[PDB]
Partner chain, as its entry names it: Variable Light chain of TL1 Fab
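Heads up, the chain below is alone and in the form solved without the partner chain; it's given as structure tokens.
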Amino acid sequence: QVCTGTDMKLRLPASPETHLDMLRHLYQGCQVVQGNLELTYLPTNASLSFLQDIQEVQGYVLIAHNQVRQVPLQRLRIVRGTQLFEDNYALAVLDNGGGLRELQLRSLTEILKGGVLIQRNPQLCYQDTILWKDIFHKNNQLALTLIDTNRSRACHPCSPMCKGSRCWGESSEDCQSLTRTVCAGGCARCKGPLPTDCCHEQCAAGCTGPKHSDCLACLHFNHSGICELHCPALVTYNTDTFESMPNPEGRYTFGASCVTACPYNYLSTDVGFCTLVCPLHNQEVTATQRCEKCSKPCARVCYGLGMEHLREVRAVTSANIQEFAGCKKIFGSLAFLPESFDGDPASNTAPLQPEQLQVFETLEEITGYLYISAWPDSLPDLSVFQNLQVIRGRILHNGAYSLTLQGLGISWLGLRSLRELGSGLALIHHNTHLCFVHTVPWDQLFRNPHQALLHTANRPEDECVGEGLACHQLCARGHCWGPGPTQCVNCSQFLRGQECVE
């Protein structure tokens, strides 16, 4: 029902051959996009039906570089704009030149933060007749709007049935619904001219009815369809007797909604906030994980890429490789790029040697993502990560992937202890020699139904079956990571150390 967006931000798809599959997995069934809705480099005739349930986008909506003549975003209602494209635009429609014809954002009626950028769409006909000041929030009138009207297409007139000559398309139902401007009273959203039609303060993007339950969208926090300023607290305060007591109606805060229980792969705080990182002076404990204060001073934590000093660091290099020595859990991500194993003439960074990768021998959990686009050609497997068990995926590469392996010379995967990909997708593609990709029970590693494995251009199964590469005769269910007795997922018989032995 809820899903996270992508951080591609106009960059080219890493795997174009599976780009469409990634979007379908990320958005099939999703109603609330907790992030940016980015629809880019989509080919002509692409089946985008999976987008038809999306109602609310938390970040920005970026439609760009597409040849699809239409995008099925009709149900979409509110773009909160909590994250913006170029920092100024909540809806960005760029370089759709085949190409986008009608925006058809019929239900869109609210943009809480940010403007609109429609540029270089030689087939977009009706983007000029929309009165954007109605969609912008009562507190987002600073929203800049830059719309390019240079359209190659001969533009059909706005539909007769449509009023005010404001249309999202040529269809009669493509007519714009003007909520904010119509209000006679000083109310942000109204059903009509009459004062009674005015929506409750909490209501956003219009209300089907006056009561706060009837809002089409929630300004601050949805609660089972009851919009609220703040989620009900886990504990309430008694004014008479100065005591706090548990609240039976208390709910946890997750994104823009109220949840009865903290969703999987998130941390629940004592205040009731479901987060991805623990607050300051708090540590993650298991009871499901929660953030508990470190009454004793917090122990030294190994911070991965994306966190603290390593926030802007692109990859793991010889400069920062020793920072992960002895760390059994990394709060952050690990990325190995081509320049990781080469030297930078400017920054005087020596190349990473394969002997320096053994600092990850004790690594058991990564809270972010594992991204590998380069690997020492000496090593045929990701065996430095053999003792790695969990990739949480709280931080995702490009906003979508938690495990990505690009263009590697490895012959098999060495992640024999990997049991959980908490969140995100797996992208293993263009590894000409990698064989043991389909012998891994990815369904066992995935925790969410949106999660899937995207793979293309690896060593064909034919070649693996032909040259004798397969799971060992002692593997259970033919699940394994490599050619050896030490690479099985589950072993039929009693084990001798790592080795599975009859």
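Residue numbers count along the first chain shown, from 1.
The following text describes the form solved in complex with the partner chain, which does not appear among the structures shown.
Mapping the unseen interface onto this chain, residue 321 falls outside it, with no heavy atom inside 4.5 Å of the partner chain in the deposited bound form.
Interface residue remark: residue 325 is not counted as part of the site for the partner chain in the deposited bound form, having no heavy atom within 4.5 Å. Proximity of residue 157 to the partner chain in the deposited bound form falls outside the 4.5 Å heavy atom cutoff.
Contact check for residue 303: a non-hydrogen atom falls within 4.5 Å of the partner chain in the deposited bound form. In plain terms, the part of the chain that comes close to the partner chain in the deposited bound form, with a heavy atom within 4.5 Å, is 306 to 314 out of 137 to 145, 334 to 342, 306 to 314, 101 to 109. Proximity to the partner chain in the deposited bound form, taken as a non-hydrogen atom within 4.5 angstroms, holds for one residue of 226, 350, 294, 194, which is 294.
The partner is absent here, but in the deposited bound form a heavy atom of 298, alone among 298, 184, 379, 131, sits within 4.5 Å of the partner chain.
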